[PDB]
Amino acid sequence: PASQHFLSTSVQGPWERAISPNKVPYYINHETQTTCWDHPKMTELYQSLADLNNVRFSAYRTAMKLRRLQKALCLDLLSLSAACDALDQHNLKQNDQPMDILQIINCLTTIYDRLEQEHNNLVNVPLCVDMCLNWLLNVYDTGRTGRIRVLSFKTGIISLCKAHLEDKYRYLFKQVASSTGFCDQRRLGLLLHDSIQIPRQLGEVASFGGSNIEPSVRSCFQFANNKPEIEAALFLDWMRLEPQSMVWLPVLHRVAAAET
């Protein structure tokens, strides 16, 4: 696959990047004679997250791990505007549709090339692309089928970008709502299900209500007084309560504002 020329430089030393016949990247370590789906630098970042296991409040612990991941991916440099420009240019607008590894790589390369021309040596493109691809497949393609839904890719990138919190909420709600701005239970379940994979991938889903988000959908609709559909304003008001399935996001913003 042509992208191998480009991304093979994301690894060095005794590591070697390889492609399974299914098109999925994996990493060979000739020193230890092993193979792993995770990029060695992703593994190193994850091992390090154990130094946050002392943090007492789970929403804060999760936000700090996600903040560290955000910075390792350079997604704290990414505005909502620029993320949308890359999504637009790659025609990623049918949210129920699949994108394979090459479409993920292409869209991430447009994002990271632009960040790189805007920032001085902060962005190693091949490395960023490969590591962000690795995070996105770990969140959304655990069995390495080689595809993820467009809505999933947007949920990951937008949730970790540097936009203001309400802009993220508005954007994300718009991705699941109908063309007239309306969200019913099924559609909200779509967003919460994609969002909850993020803390679930860090092994912290038990502090966010568990991996079944149906109880949170019902809670949102009961909060909306059992109306059949909701609009963006009501969803923002519900998020102001920091529902348990999503509280890691607002806390992430507080972690970032607190500096580190």
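One rule holds for the numbers: they count along the sequence shown, beginning at 1.
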Checklist outcome for this item: Mean Cα B-factor check, 196-204 vs 32-40, entry values; winner is 32-40
Next on the checklist: On mean Cα temperature factor in this entry, is 235-243 or 12-20 the higher one?
Outcome noted: 12-20
Checklist entry - So among 222, 216, 70, 53, who wins on Cα B-factor in the entry? => result 53
Checklist outcome for this item: Note to self: of 79, 138, 155, 180, the C-alpha temperature factor tops out at 180
Checklist entry - For residue 27, does the deposited CA B-factor place it in the lowest, middle or highest third of the chain? => result middle
Item to check | Record-listed C-alpha B factor of residue 123: chain third | outcome: highest
Checklist entry - By its CA B factor, does residue 93 count among the lowest, middle or highest third of the modelled residues in the chain? => result highest
Item to check | residue 130 - Cα temperature factor, lowest/middle/highest third of chain | outcome: lowest
Item to check | Assigned third (lowest, middle, highest) for the C-alpha B factor of residue 142 | outcome: middle
